[PDB]
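Novice: Submitted below is the structure of interest, expressed as structure tokens.
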Amino acid sequence: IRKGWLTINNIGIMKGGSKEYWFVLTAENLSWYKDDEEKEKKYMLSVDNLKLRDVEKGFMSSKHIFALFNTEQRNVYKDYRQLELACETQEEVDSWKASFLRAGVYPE
Numbered sequence: 521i522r523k524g525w526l527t528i529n530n531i532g533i534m535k536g537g538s539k540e541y542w543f544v545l546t547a548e549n550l551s552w553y554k555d556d557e558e559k560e561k562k563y564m565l566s567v568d569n570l571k572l573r574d575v576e577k578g579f580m581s582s583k584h585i586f587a588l589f590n591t592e593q594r595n596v597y598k599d600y601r602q603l604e605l606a607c608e609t610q611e612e613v614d615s616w617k618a619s620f621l622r623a624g625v626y627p628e
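Residue numbers (UniProt numbering): 521 to 628.
Here it is as structure tokens:
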């Protein structure tokens, strides 16, 4: 539904803390790539089982932040703080959230 660059701020210390990844959001799958060639298909998140979450006051609010989480299945994607995602502006976060809603991701 929507493709573009998207930063993750919660990554295991053996790789790095913050890195930009290519993200493709569809109703069938949420596919994450190291680059914009759409060749690696490193992993995919579930669309219908995944949920959007807002973050409470107290998080680092210079970046615009939201989160992806799942609780119904054992496959919780390693729960890197319930897949916290961040963008430079609120418009990117809202466009992502709307794309998740169109894919089939339910609101909180």
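Virtual Cβ for every residue (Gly too), placed ideally from N, Cα, C.
Taking the C-alpha atoms as reference points, what is the distance between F620 and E592?
Specialist: Taking the first residue of the sequence shown as position 1, residue 620 is located at position 100. Taking the first residue of the sequence shown as position 1, residue 592 is located at position 72. Going by the C-alpha atoms only, they are around 18 Å apart.
Novice: Is it the case that the Cβ atoms of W552 and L565 are separated by a distance below 9 Å?
Specialist: Sequence index remark: in the sequence shown, residue 552 carries index 32 (1-based). Sequence index remark: in the sequence shown, residue 565 carries index 45 (1-based). Cβ atoms of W552 and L565: closer than 9 Å.
Novice: What separation, rounded to the nearest whole angstrom, lies between the Cα atoms of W525 and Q602?
Specialist: Counted from its first residue, the sequence shown places residue 525 at position 5. Counted from its first residue, the sequence shown places residue 602 at position 82. Their backbone Cα atoms lie some 19 Å apart in a straight line.
Novice: First and last residue of the beta strand (DSSP E) that includes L550?
Specialist: The residue given as residue 550 occupies position 30 in the sequence shown. Note, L550: beta strand (DSSP E), 550-553.
Novice: Throw me the rounded Cβ distance for the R622 and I528 pair, which I believe falls under 8 Å.
Specialist: The residue labelled residue 622 in the question sits at position 102 within the sequence shown. The residue labelled residue 528 in the question sits at position 8 within the sequence shown. That belief does not hold up - the Cβ atoms of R622 and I528 are roughly 22 Å apart, past 8 Å.
Novice: Our contact map puts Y600 next to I531 with C-beta atoms below 8 Å; I'd like the distance itself, whole angstroms only.
Specialist: On the sequence shown, residue 600 is found 80 positions in, with the first residue counted as 1. On the sequence shown, residue 531 is found 11 positions in, with the first residue counted as 1. Indeed they touch by this definition, with Cβ atoms about 7 Å apart.
Novice: Take the Cβ of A618 as the centre, count every other Cβ of all protein chains shown within 10 Å, and call the residue buried at 16 or more, exposed below.
Specialist: Translated into the one-based positions of the sequence shown, residue 618 becomes position 98. Counting Cβ neighbours within 10 Å, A618 comes out exposed, since fewer than 16 surround it.
Novice: Since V625 and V567 are thought to touch, with beta carbons under 8 Å apart, how far apart are those beta carbons, to the nearest angstrom?
Specialist: As a working mapping, residue 625 is identified with position 105 in the sequence shown. As a working mapping, residue 567 is identified with position 47 in the sequence shown. At roughly 6 Å, the Cβ-Cβ gap stays under 8 Å, so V625 and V567 are in contact.
Novice: Identify whether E611 lies in helix, strand or coil by the three-state DSSP scheme.
Specialist: Locating residue 611 in the sequence shown gives position 91, counting from the first residue. Of the three classes helix, strand and coil, the one that applies to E611 here is helix, per DSSP.
Novice: Taking the C-alpha atoms as reference points, what is the distance between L545 and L570?
Specialist: As a first step, residue 545 must be located in the sequence shown, where it is residue number 25. As a first step, residue 570 must be located in the sequence shown, where it is residue number 50. Computed Cα separation, rounded: 12 Å.
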